[PDB]
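**Student:** This is the structure I have questions about; it appears just below.
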Amino acid sequence: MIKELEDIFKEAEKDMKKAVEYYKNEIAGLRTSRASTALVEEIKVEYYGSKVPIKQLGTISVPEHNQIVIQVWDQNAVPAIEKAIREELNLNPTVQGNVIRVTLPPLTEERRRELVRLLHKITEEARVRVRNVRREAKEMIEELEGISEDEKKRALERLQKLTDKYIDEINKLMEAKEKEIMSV
């Protein structure tokens, strides 16, 4: 049927979708002490007045796990990436000839604590959004005519199906990361 439910789904979807998308965005690009090509991925380099990643400019690969190597085939993207990488990686990258070798201080006992605690706040923030989604969406049903059984029932499952998505989506992100974060 076509009732207030549609508004609940649309509101619940846009709210959860944006929350998980941005949430994963923080974990996918966080400042991981590990020499991973992922954290970055958006090494926006200036090319004659054009901002583009190093997808068709050079190539980045991990040689010893605790190292990141960026190779800018062109001399034009060498200067930009240097400033770009240092911005996101927040480290001192070395450039020789036409290759860039980046090594970050061994993520020791304390180092692991930095990322883990940083993700730790992220995970808690995600749940806060999800709760509000079900709590907010529910308010819409209870607001309609003050009581909606047909709506509340269909709206709850709809809200639950979406909520569970974030539940499995969030825990899945941390579970994987733990294997990497605690890998050391």
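Residues are named by chain letter and number: chains run A, B, ... in the order of the structure tokens, numbers start at 1 in each chain, and ligands are numbered from 1 in the order shown.
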For segment 82-97 of chain A, please output as number ranges by chain all residues within 12 Å (counting only C-alpha atoms; exclusion window: fewer than 3 positions along the same chain).

**Tutor:** A: 29-46, 51-54, 60, 67-79, 100-105

**Student:** Give me the residues of segment 2-37 of chain A that have any atom at most 8 Å from an atom of segment 127-145 of chain A; for each, the nearest atom pair and the distance in Å, rounded to one decimal. Use only C-alpha atoms, sort by chain and number, and format it as a tab-separated table.

**Tutor:**
```
residue	atom	partner	partner_atom	distance
A:4	CA	A:144	CA	7.6
A:5	CA	A:141	CA	7.7
A:8	CA	A:137	CA	5.7
A:11	CA	A:137	CA	7.5
A:12	CA	A:133	CA	5.9
A:15	CA	A:133	CA	6.9
A:16	CA	A:130	CA	6.7
A:19	CA	A:129	CA	7.0
```

**Student:** Taking N, CA, C and O atoms for each residue, export the selection above as an mmCIF file, in the first residue's frame.

**Tutor:**
```
data_model
loop_
_atom_site.group_PDB
_atom_site.id
_atom_site.type_symbol
_atom_site.label_atom_id
_atom_site.label_comp_id
_atom_site.auth_asym_id
_atom_site.auth_seq_id
_atom_site.Cartn_x
_atom_site.Cartn_y
_atom_site.Cartn_z
ATOM 1 N N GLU A 4 2.081 6.490 4.906
ATOM 2 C CA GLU A 4 3.202 7.206 5.504
ATOM 3 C C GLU A 4 4.463 6.347 5.520
ATOM 4 O O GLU A 4 5.572 6.864 5.650
ATOM 5 N N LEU A 5 4.289 5.032 5.403
ATOM 6 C CA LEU A 5 5.416 4.104 5.423
ATOM 7 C C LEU A 5 6.502 4.506 4.428
ATOM 8 O O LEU A 5 7.689 4.462 4.752
ATOM 9 N N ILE A 8 8.816 6.839 5.750
ATOM 10 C CA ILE A 8 9.648 6.241 6.788
ATOM 11 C C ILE A 8 10.840 5.523 6.163
ATOM 12 O O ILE A 8 11.968 5.628 6.643
ATOM 13 N N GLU A 11 13.238 8.108 4.513
ATOM 14 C CA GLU A 11 13.978 8.814 5.553
ATOM 15 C C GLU A 11 14.981 7.887 6.234
ATOM 16 O O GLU A 11 16.106 8.287 6.534
ATOM 17 N N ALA A 12 14.561 6.650 6.485
ATOM 18 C CA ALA A 12 15.415 5.666 7.141
ATOM 19 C C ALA A 12 16.559 5.218 6.236
ATOM 20 O O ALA A 12 17.663 4.945 6.708
ATOM 21 N N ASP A 15 19.146 8.135 5.726
ATOM 22 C CA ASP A 15 19.841 8.349 6.993
ATOM 23 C C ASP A 15 20.891 7.268 7.247
ATOM 24 O O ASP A 15 22.035 7.573 7.585
ATOM 25 N N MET A 16 20.495 6.010 7.092
ATOM 26 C CA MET A 16 21.402 4.888 7.317
ATOM 27 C C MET A 16 22.461 4.797 6.221
ATOM 28 O O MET A 16 23.644 4.609 6.504
ATOM 29 N N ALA A 19 25.075 7.287 6.690
ATOM 30 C CA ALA A 19 25.832 7.013 7.907
ATOM 31 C C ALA A 19 26.886 5.930 7.689
ATOM 32 O O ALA A 19 28.037 6.085 8.099
#
```

**Student:** For atom CA of residue 166 of chain A and atom CA of residue 20 of chain A, determine how far apart the two atoms are, in Å to one decimal place.

**Tutor:**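 So the two atoms, atom CA of residue 166 of chain A and atom CA of residue 20 of chain A, lie 6.6 Å apart.
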
**Student:** Can you work out the spacing between atom CA of residue 120 of chain A and atom CA of residue 169 of chain A in Å, to one decimal?

**Tutor:**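 Atom CA of residue 120 of chain A sits 15.2 Å away from atom CA of residue 169 of chain A.
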
**Student:** What residues in segment 20-161 of chain A get the DSSP label helix (DSSP H, G or I)? Please answer as a ChimeraX atom specification.

**Tutor:** /A:20-29,77-89,109-143,149-161

**Student:** Please determine, counting only C-alpha atoms, which residue among A:177, A:158, A:65, A:55 has the shortest atom-to-atom distance to residue 123 of chain A.

**Tutor:** A:177

**Student:** Pick the closest to residue 111 of chain A from A:7, A:25, A:80, A:184: which is it, counting only C-alpha atoms?

**Tutor:**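 Closest candidate: A:184.
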
**Student:** Hey, what does DSSP flag as strand (DSSP E or B) within chain A? Can you give it to me as a PyMOL selection string?

**Tutor:** chain A and resi 45-46+51-52+59-61+67-71+94-96+99-103

**Student:** Take atom CA of residue 165 of chain A and atom CA of residue 27 of chain A and report the distance between them in Å, one decimal.

**Tutor:**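 These two atoms are separated by 17.3 Å.
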
**Student:** Point out the residue among A:3, A:28, A:164, A:81 with the least atom-to-atom distance to residue 99 of chain A, counting only C-alpha atoms.

**Tutor:**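 Going through A:3, A:28, A:164, A:81 one by one, the smallest distance to residue 99 of chain A is for A:81.
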
**Student:** Compile the contact shell of residue 182 of chain A as a list in words: residues with an atom at most 10 Å away, counting only C-alpha atoms, same-chain residues fewer than 3 positions apart removed.

**Tutor:**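 Skipping anything fewer than 3 positions along the chain leaves residues 109, 112, 113, 116, 177, 178 and 179 of chain A.
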
**Student:** The selected residues should be written to file as a PDB file, in the first residue's frame (atoms: N, CA, C and O atoms).

**Tutor:**
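That gives us result27.pdb:
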```pdb
ATOM      1  N   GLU A 109      53.352  -0.763  20.450  1.00  0.00           N
ATOM      2  CA  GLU A 109      52.295  -0.945  21.441  1.00  0.00           C
ATOM      3  C   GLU A 109      51.389   0.283  21.520  1.00  0.00           C
ATOM      4  O   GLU A 109      50.163   0.166  21.498  1.00  0.00           O
ATOM      5  N   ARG A 112      49.517   1.135  17.931  1.00  0.00           N
ATOM      6  CA  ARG A 112      48.321   0.330  17.707  1.00  0.00           C
ATOM      7  C   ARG A 112      47.153   0.900  18.502  1.00  0.00           C
ATOM      8  O   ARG A 112      46.000   0.844  18.076  1.00  0.00           O
ATOM      9  N   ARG A 113      47.479   1.457  19.661  1.00  0.00           N
ATOM     10  CA  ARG A 113      46.484   2.057  20.538  1.00  0.00           C
ATOM     11  C   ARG A 113      45.860   3.292  19.890  1.00  0.00           C
ATOM     12  O   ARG A 113      44.688   3.590  20.107  1.00  0.00           O
ATOM     13  N   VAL A 116      43.380   1.943  16.970  1.00  0.00           N
ATOM     14  CA  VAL A 116      42.318   1.168  17.603  1.00  0.00           C
ATOM     15  C   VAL A 116      41.366   2.069  18.383  1.00  0.00           C
ATOM     16  O   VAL A 116      40.148   1.910  18.303  1.00  0.00           O
ATOM     17  N   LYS A 177      39.275  -5.108  10.266  1.00  0.00           N
ATOM     18  CA  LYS A 177      40.320  -4.188  10.697  1.00  0.00           C
ATOM     19  C   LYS A 177      41.125  -4.761  11.860  1.00  0.00           C
ATOM     20  O   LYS A 177      42.346  -4.649  11.879  1.00  0.00           O
ATOM     21  N   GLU A 178      40.448  -5.364  12.833  1.00  0.00           N
ATOM     22  CA  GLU A 178      41.135  -5.933  13.991  1.00  0.00           C
ATOM     23  C   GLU A 178      42.250  -6.880  13.552  1.00  0.00           C
ATOM     24  O   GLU A 178      43.365  -6.822  14.069  1.00  0.00           O
ATOM     25  N   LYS A 179      41.947  -7.738  12.586  1.00  0.00           N
ATOM     26  CA  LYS A 179      42.929  -8.685  12.065  1.00  0.00           C
ATOM     27  C   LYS A 179      44.144  -7.946  11.500  1.00  0.00           C
ATOM     28  O   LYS A 179      45.272  -8.434  11.569  1.00  0.00           O
TER      29      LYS A 179
END
```
